[PDB]
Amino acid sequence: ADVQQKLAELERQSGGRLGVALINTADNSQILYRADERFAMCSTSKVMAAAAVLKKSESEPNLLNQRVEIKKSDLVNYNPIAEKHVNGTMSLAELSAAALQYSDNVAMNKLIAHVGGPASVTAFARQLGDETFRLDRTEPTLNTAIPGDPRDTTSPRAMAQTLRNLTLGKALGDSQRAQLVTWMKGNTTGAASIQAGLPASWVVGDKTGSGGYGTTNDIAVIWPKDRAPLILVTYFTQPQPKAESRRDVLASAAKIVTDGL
């Protein structure tokens, strides 16, 4: 309401297109802004790839220990962990951690490959009840974020509801859900995004995304002090192909929607 006016002003100031969905699990309420529009997920899609592997591991519990070769031919444009393991192997657990905690693009590609490709990550989403998410490309091209292009997009509403299912619901088994949350709480890449708009005492598990057109995203499960958890998706994209990242916009959106909680 007033929060709606504040998000609209933030969007206006920012010069881009802002998408927000907050779920407050205390009362099952939502704050939504462009929450049914599509946005390029960029690296926030790494959550869904890792979750698809975790789901597969429920019925193949040795899956996370399976070794995957890292070759020079696997390197792409952002390989902080994988580059250190070239000519060796990483387990699917290590690749999941690398994708979620360091945003490693080789790791993402290995997760995608294992489950069967981008369309298999999408099928996992569908099987959960998310009929909006679509993963269509591998790294690095899934981050082009061209205006009007539906590839590799979802909506804030759908991603918030799915993140809630994965982290606070029981889409995943007890061990797998705990593992996803632990991985997201150990993210090294999120302190300037949603977390920067929340009090220091609050605990956050998040995954950021960056891409073309200044696309700057974050999805988070939040444990506020002495309150039930929140789910927050903040997606942002800009009109210029070479626009700079705007993590401050995500921090501001997070501050706006959590004011009073």
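Counting begins at 1, following the sequence as shown.
Between the stretches 239-247 and 6-14, it is 6-14 that shows the larger average CA temperature factor.
According to the PDB record, 58-66 carries the higher mean C-alpha B-factor of the two stretches 34-42 and 58-66. For the set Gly88, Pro150, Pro118, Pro156, the maximum C-alpha B-factor listed in the entry falls on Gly88. The PDB entry assigns its highest CA temperature factor, among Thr189, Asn105, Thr122, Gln161, to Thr189. In the deposited entry, the Cα temperature factor of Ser201 sits in the top third of values across the chain's modelled residues.
Split the chain's modelled residues into thirds by C-alpha temperature factor. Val76 is in the highest one. Among all modelled residues in this chain, the alpha-carbon of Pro224 has a temperature factor (C-alpha) in the highest third. Among all modelled residues in this chain, the alpha-carbon of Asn109 has a temperature factor (C-alpha) in the lowest third. In this PDB entry, the Cα temperature factor of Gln127 sits in the top third of its chain's modelled residues, the highest group.
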